[PDB]
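Fold and contact review
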Amino acid sequence: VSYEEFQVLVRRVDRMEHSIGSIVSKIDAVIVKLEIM
Amino acid sequence: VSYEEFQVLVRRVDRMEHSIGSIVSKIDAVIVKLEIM
Amino acid sequence: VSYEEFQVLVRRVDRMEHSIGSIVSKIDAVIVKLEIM
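Definitions and cut-offs
Residues numbered from 1 in each chain as written, not as in the entry; some residues may be left out. Chains lettered and ligands numbered in written order. Heavy atoms only, no water. Least-squares fit on C-alpha atoms. Salt bridge = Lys/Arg side-chain N within 4 Å of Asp/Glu carboxyl O. Helix = DSSP H or I, 4+ residues; strand = E, 2+ residues; numbered from the N terminus. Buried < 20%, exposed > 50% of the residue type's maximum accessible area, 1.4 Å probe, protein only.

Structure determination for this PDB entry was carried out by X-ray crystallography, with a resolution of 1.900 Å recorded in the header.

Right under this line is the structure:
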């Protein structure tokens, strides 16, 4: 396994961590809307 | 690091991207339900 | 690509699967709250 292909995956995982953070932010916002509804 | 083990991880990341897409679809649906409630 | 660096990524993916499971649990809980509201 070469460095280039491995970095492709590292870049994707980092991207997904960002996607997960955004999803967590959205779900937590929804949770607050329901708690105060 | 061999190709076989690396592909196991590549397959898992691809699977997780699908899981993330589904989660995003669900959260966006919930967001719309709250906006029109 | 060495074993050490590859394991760093394997550990992170495993962590993210846990993060995804928690997000799925939260979104499913929200979905039920809306269905019974």
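The next point concerns the relation of the copies chain C and chain B. Between the two copies of the chain lies a relationship made up of a rotation around an axis and a movement along it. Each copy of the sequence occupies a distinct position, and chain C is placed on chain B by a rotation of 120° and an axial shift of 0.0 Å, giving an RMSD of 0.0 Å. Look at the turn and shift together and you get a three-fold axis relating the two. No C-alpha of chain C approaches the rotation axis more nearly than that of C:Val1, which lies at 3.5 Å.

A few words on the pattern of salt bridges. Under the defined criterion, the tally for this structure stands at six salt bridges over all chains. Among the ionic pairs, A:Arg12 bridges to B:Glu17, the shortest N-O distance being 2.6 Å. Taken as a pair, A:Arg12 in helix α1 (residues 3–35) and B:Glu17 in helix α1 (residues 3–35) lie in two separate chains rather than in one. Residue classification places B:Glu17 among the partly exposed positions, given a relative accessible area of 24%.

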